[PDB]
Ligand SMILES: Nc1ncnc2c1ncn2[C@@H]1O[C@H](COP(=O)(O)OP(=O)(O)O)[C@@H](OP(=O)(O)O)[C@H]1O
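One chain is shown next in structure tokens, namely the form solved without this ligand.
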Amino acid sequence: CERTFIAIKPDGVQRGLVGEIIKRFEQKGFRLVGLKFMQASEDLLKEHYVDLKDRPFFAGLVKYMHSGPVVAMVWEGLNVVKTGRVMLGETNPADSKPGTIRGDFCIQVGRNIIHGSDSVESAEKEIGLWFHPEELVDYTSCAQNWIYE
């Protein structure tokens, strides 16, 4: 099945939202395939935020995402990339609706708690950038036949 990359940013860890966030994906029916607590290197972050390499805020972005530990995750399921984004809510917490992670839990786009892959192709980039393939665990949910036909 399809897979997406979700990172809980420094502010999401600091504010004690790690279990809250993981619970949303579990209760939805998505399968945890990768989980990892790290301090992302500025190099790794530079590669991650490469489409913004020439934007001005880039320097600060990489500085901040390096300022503390992140929880890197890989989740799997039908349309997990788009649905994951719906579950996170709008990138700017101000346009995020109640019920979503950014809608419920944060305020400002610079401290917006979480990242999710925006496309299947960027998902595959980011999973590959953040995880070794032997760090991705494959198993079958006991609930699979009740989640999918």
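Residue indices: 1-based, along the sequence shown. The term rigid core refers to the maximal set of C-alpha atoms that superpose within 1.5 Å between the two forms.
Original post:
So if we fit everything on the core, which stretch drifts more in 4 other deposited structures of this protein, 47 to 55 or 29 to 37, C-alphas only?
Top reply: Greater root mean square C-alpha distance in 4 other deposited structures of this protein: 47 to 55.
Original post:
Would 55 to 63 or 114 to 122 have the larger average of its C-alpha temperature factors, as given in the entry?
Top reply: Looking at the recorded C-alpha B-factors, 55 to 63 comes out higher on average.
Original post:
Of the two stretches 6 to 14 and 136 to 144, which shows the higher Cα B-factor on average in the entry?
Top reply: Going by the record's values, the stretch with the higher mean is 136 to 144.
**OP:** Among the candidates 81, 32, 40, 106, give the one with the maximum CA B-factor reported in the record.
**Re:** Of the options given, 40 has the highest CA B-factor in the PDB entry.
Subject >> Top residue by Cα temperature factor, when 46, 28, 85, 102 are compared in the entry >> reply: Among 46, 28, 85, 102, the highest C-alpha B-factor in the entry belongs to 46.
Subject >> Among modelled residues of the same chain, the CA temperature factor third for residue 22 >> reply: Lowest third, going by the recorded CA B-factors of the chain.
As for the form solved in complex with this ligand, it is not shown, yet the points below apply to it.
Original post:
When the site C-alphas are superposed and this ligand is set in place as seen in the bound PDB entry, is this chain open or blocked (3 or more ligand atoms within 2.4 angstroms of backbone or C-beta)?
Top reply: Transferred pose: open.
Original post:
Though this ligand is not shown, can you say which of 114, 70, 80, 123 has a heavy atom within 4.5 Å of it in the bound PDB entry?
Top reply: Comparing distances to this ligand in the bound PDB entry, the residue within 4.5 Å is 114.
**OP:** Would you mind picking the one in 55, 97, 28, 36 that has a heavy atom within 4.5 Å of this ligand in the bound PDB entry?
**Re:** After the contact test, the surviving option is 55.
Original post:
Hey, in the bound PDB entry, is residue 87 touching this ligand, heavy atoms inside 4.5 Å?
Top reply: Close contact is absent here: in the bound PDB entry, residue 87 is far from this ligand, nothing within 4.5 Å, heavy atoms only.
Subject >> Distance check, residue 44 to this ligand in the bound PDB entry, heavy atom within 4.5 Å >> reply: Answer no; every heavy atom of residue 44 is more than 4.5 Å from this ligand in the bound PDB entry.
Original post:
Might residue 105 be said to contact this ligand in the bound PDB entry, defining contact as any heavy atom within 4.5 Å?
Top reply: Flag for residue 105 set to no.
Original post:
Quick one: does residue 109 come within 4.5 Å of this ligand in the bound PDB entry, counting heavy atoms only?
Top reply: Residue 109: contacts this ligand in the bound PDB entry.
Subject >> Residues of stretch 1 to 34 in contact with this ligand in the bound PDB entry (4.5 Å, non-hydrogen atom) >> reply: Only 9 sits within 4.5 Å of the partner.
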